[PDB]
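Visitor: Sequence isn't available, so here's the structure alone:
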């Protein structure tokens, strides 16, 4: 998530 | 005169020496002669050896922790002590026979001919946390009663005495040292010339060093700041060349050399350990155990050797740096010999009882 | 206890061109770091011997000294009129170093000092020694005091190159010593003066590279700490 | 948006945060008390820098995604995107580089004689310098801060690979070369031991580094380099926030090898000679 598209919570 | 002794823990052996330090005239070396008082009554090993070593300590930490001695044996030599080797016949010195008549047959002499071109007795500035034996370069004589050399040295049956050897300033001055540079910039045609001169090739520890410096600036820019640094090139040769660098004295001059101007000034710098205690590991002269010695003396080597000696080489220089208004920095250099005055006596270091 | 020296031949007179013998007895083992000082009456001390075997430069060879254990022998083959003065023996291997009460023989370089005088007890007062002709970093600087009817005692010492300070036991933390390297001068402040501080103070210049007997002295300045004004 | 997954991930993040916090805090406290009560050993200059950098990692990283994964959205300005992403990636990069620097310093100091704070500056500066491309990498929002952010069509397929290269290949192979140069440990000829400790610390540090950093970047590549990332379910969600495993251990990894700080922390569980003499003689 830090430098990538994190899944949306 | 007087003579020093050291008594071994077992009391069976004792060592008698005349003078702690030895003058290294480089061309010749003081023969290191001493005697050992021996007690055959309590002796049982039926043989005694005395050996002299020159050793440089392994640097501070070993396997990410400090302590212990992986010092490299720069040079070790041995000699039989008792019974004396009949094959070994050599002319005893006057001090040797004086000690022999004073003590008797239980005193047995020994002589060591230290070869030239060996590192001077130099020490490294310990850290405040350094609780072991001091790291650096030193000689050590030692005695022990054992049948042969192989046997493990048994601390209940041996004795040691650390020693140092010193060099001294030639009484004949060399040529008056000079240096000059001519720095030119792409911005101007006329050059920026700089010259520095020292009065004598030799100075004594604790007396001032006076440099006559002249500058001639014709370039468009202006000289703004002056850095003066009495510095020390120390060469380490444990494995190969290692020219570790630390300056000892500095000063900053906010003087100015204007464009098309001449500057003629005398600068006075005198090193002293006080403002250099913080510079951990700074080279110093030889020490007995931990007594605060003076600064490291200028190592003097015989020109015949190619300066490959596996030891610290100590030479002192003075660096003059000029800074120009905003490559612009300019440096000039002048080396100088740095040893003690003519020796006359021992090193009676002074301390509380 | 601290090391004491004792001067036995205190009294001697009417000696002309004859053997003159002086003994100094050391209360403890002191090896050879012992020296003998010459002070003319009302003048500054002058260096006679150091190490009890090494004649100082500029000294007549007729003076001689020797060491026998902790005893120390001063020998004069032929006494001279100019030698009727005060003589001192002193060890220099352990700080504090002290002089014995001077040996007076009776018959019928720049070191300027300033600051002394009269003062009430319980105060502070200022002295200074400007030194010229030599180099301050090349020597240590020392303060001795002349109390009449009392053995001479070194009281203060400063080591510029080593940057250390040394004081006598009775004066620890009682006086401030210092030295301006630039001005080439030693400064002195007497905090909380008392009666024992009444003496004539003298300036002594060492020679740093290895310590030996003091070579050159200043004429000194009187310091009388008394309620009188 | 999974509620139980959100609760579990919040629990995991808080637990790892407090674990790394306690470990690093106690280690740095021991280091500070040793330095005050003794020497500012450069051996430790770095381990203390590791402590500070890693605690900064915890503080500057765990709290932000804590804020998102708790609030499940964004409620701030736009420049906060830049600030937070900078203060987040900085710790990740700088920790690796300072490990590099300390390895290099020890590598030189295997036999280095006396040499009277620079390489820590080298690592910090190199980190802040490599912190550049994230400026033009992250894109704008399209509600929550900088979602659907991409450097370029090649940003998700070339810049990610460059990140992986710069974060592993130079670091891990560099440190590998670092220890393998000690292979020439046998000096000074034969004796007139340490190899075991050297190899045992080298192996441990390299394996912990590679294993701990493996999962985050592996899922990073399998989700970025591969179009249409294969997994979006529960197994990825927790593992994509577990790269801080070495944070609570790597300072311990170094402290174990240091016999000084190790004995120090073990004590803080509840927190034959002679003399030279002289004589005379007879002249002539």
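Guide: Received it, and whenever you're ready, just let me know what you need. Numbering: from 1, shown residues only, chains lettered A, B, ... in the order given.
Visitor: what about the helix ranked longest in chain D and chain A, touching?
Guide: Secondary structure assigned by DSSP state H gives helix D:3-37 as the longest helix of chain D. Yes - for helix D:3-37, a contact with chain A is found by Cβ under 8 Å from any Cβ of the partner chain, at residue D:6. All C-beta atoms are positioned from the backbone trio N, CA, C, and that covers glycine.
Visitor: And the next helix or strand past that helix?
Guide: Remark: after helix D:3-37, the chain's next helix or strand is helix D:42-71, criterion DSSP states H and E.
Visitor: circling back to that earlier point, for the longest helix of chain D, which residues meet the burial criterion?
Guide: D:5, D:9-10, D:13, D:16-17, D:19-21, D:23-24, D:26-28, D:30-31, D:34 (16 or more other Cβ atoms under 10 Å in any protein chain shown).
Visitor: Could you do stretch B:149-165 as well?
Guide: B:157, B:158, B:159, B:160, B:161, B:162, B:163, B:164, B:165.
Visitor: What's opposite the fifth one in the beta bridge?
Guide: This means residue B:161. Beta bridges link residue B:161 to residue B:141 when assigned by DSSP bridges.
Visitor: got the contact list for it?
Guide: Contact analysis of residue B:161 by Cβ atoms under 8 Å, 6 or more residues apart in numbering or on different chains lists B:6, B:15, B:17, B:140, B:141, B:142, D:276.
Visitor: Just the buried residues of those residues.
Guide: Here, 16+ other Cβ under 10 Å leaves B:6, B:15, B:17, B:141, B:142 buried among the contacts of residue B:161.
Visitor: To which secondary structure element is the second one assigned?
Guide: The secondary structure element spanning residue B:15 is strand B:13-17 (assigned by DSSP H and E).
Visitor: From the rest of the structure, what touches that strand?
Guide: With Cβ under 8 Å, 6+ apart as the criterion, strand B:13-17 contacts B:3-8, B:34-39, B:48, B:50, B:99, B:103, B:107, B:141, B:143-145, B:158-159, B:161, D:279.
Visitor: quick one: contacts for the residue of the stretch 101-250 of chain D found nearest chain B?
Guide: Scanning the stretch 101-250 of chain D for the residue nearest chain B gives residue D:114, at 3.5 Å (criterion: Cβ to the nearest Cβ). Residues in contact with residue D:114 (Cβ under 8 Å, 6+ apart) are B:59, B:60, B:124, B:236, B:244, B:280, B:281.
Visitor: could you measure the third one against chain A, distance?
Guide: As for residue B:124, its distance to chain A is 47 Å (criterion: Cβ to the nearest Cβ, to the nearest Å).
Visitor: how many other residues sit next to that residue?
Guide: 26 (other Cβ atoms under 10 Å in any protein chain shown).
Visitor: any idea what sits nearest it, other than its immediate chain neighbours?
Guide: residue B:136 (4.4 Å; Cβ to Cβ, 6 or more residues apart in numbering or on different chains).
Visitor: Residues in a beta bridge with that neighbour, which ones?
Guide: residue B:123.
Visitor: what sits against it?
Guide: When contacts are counted by Cβ under 8 Å, 6+ apart, residue B:136 is found next to B:56, B:57, B:122, B:123, B:124, B:287.
Visitor: List just the nearest of those residues to chain C.
Guide: residue B:287 (13.7 Å).
Visitor: Quick check: the residue of chain D nearest chain A.
Guide: Nearest residue of chain D to chain A: residue D:72, at 5.0 Å (Cβ to the nearest Cβ).
Visitor: Let's verify residue 3: helix, strand, or coil?
Guide: With no chain named, the answer covers chain A. Taking DSSP: H, G, I helix; E, B strand; the rest coil as the rule, one finds residue A:3 in the coil state.
Visitor: Actually, chain C is the one I wanted.
Guide: Secondary structure for residue C:3, judged by three-state DSSP, is coil.
Visitor: What residue in chain C comes nearest to chain D?
Guide: For chain C, Cβ to the nearest Cβ, closest residue to chain D: residue C:31, 6.1 Å.
Visitor: got it, and chain A?
Guide: residue A:9 (5.0 Å).
Visitor: In a helix, that residue, correct?
Guide: No - counting by three-state DSSP, residue A:9 is not part of a helix but coil.
Visitor: Just list the residues touching the closest residue to it other than its chain neighbours, thanks.
Guide: Excluding the flanking residues, the one nearest residue A:9 by Cβ to Cβ, 6+ apart is residue D:72, at 5.0 Å. Contact analysis of residue D:72 by Cβ under 8 Å, 6+ apart lists A:9, D:1, D:6.
Visitor: who touches the residue lying closest to the second one once chain neighbours are set aside in this structure?
Guide: Put plainly, it is residue D:1. Excluding the flanking residues, the one nearest residue D:1 by Cβ to Cβ, 6+ apart is residue A:9, at 5.7 Å. Shown in contact with residue A:9 (Cβ under 8 Å, 6+ apart): D:1, D:2, D:6, D:68, D:69, D:72.
Visitor: The first one contacts residue A:8, doesn't it?
Guide: Spelled out, it's residue D:1. Yes - between residue D:1 and residue A:8 there is a contact under Cβ atoms under 8 Å: 6.8 Å.
Visitor: More neighbours: these two, which one.
Guide: residue A:8 (12 against 8).
Visitor: distance of that one from residue D:73?
Guide: Residue A:8 sits at a distance of 9 Å from residue D:73 (criterion: Cβ to Cβ, to the nearest Å).
Visitor: One more: residue D:177?
Guide: Taking Cβ to Cβ, one finds residue D:177 at 46 Å from residue D:73.
Visitor: what's the burial count for residue D:64?
Guide: Residues lying near residue D:64 (other Cβ under 10 Å) number 18.
Visitor: Quick check: closest non-adjacent residue to it.
Guide: If you skip the residues right next to it in sequence, residue D:64 has residue D:84 as its closest partner in space, 5.1 Å away by Cβ to Cβ, 6+ apart.
Visitor: what about the one you found, distance to residue D:134?
Guide: The spacing between residue D:84 and residue D:134, counted by Cβ to Cβ, is 11 Å.
Visitor: And residue C:90, by the same measure?
Guide: From residue C:90 to residue D:134 the distance is 77 Å (Cβ to Cβ).
Visitor: Now do stretch B:302-314: everything it contacts.
Guide: With contact meaning Cβ under 8 Å, 6+ apart, stretch B:302-314 is reached by B:26-27, B:56, B:72, B:74, B:116-120, B:122, B:137, B:232-238, B:283, B:296-299, B:301.
Visitor: Identify the contacts common to residue A:8 and residue D:73.
Guide: Shared contacts of residue A:8 and residue D:73 (Cβ under 8 Å, 6+ apart): residue D:144.
Visitor: As a check, name the ranges of all helices in chain C.
Guide: Under DSSP H, chain C gives no helices.
Visitor: Is stretch B:345-353 positioned near chain D?
Guide: No - if you take Cβ under 8 Å from any Cβ as the test, stretch B:345-353 misses chain D, and the best it gets is 10.7 Å.
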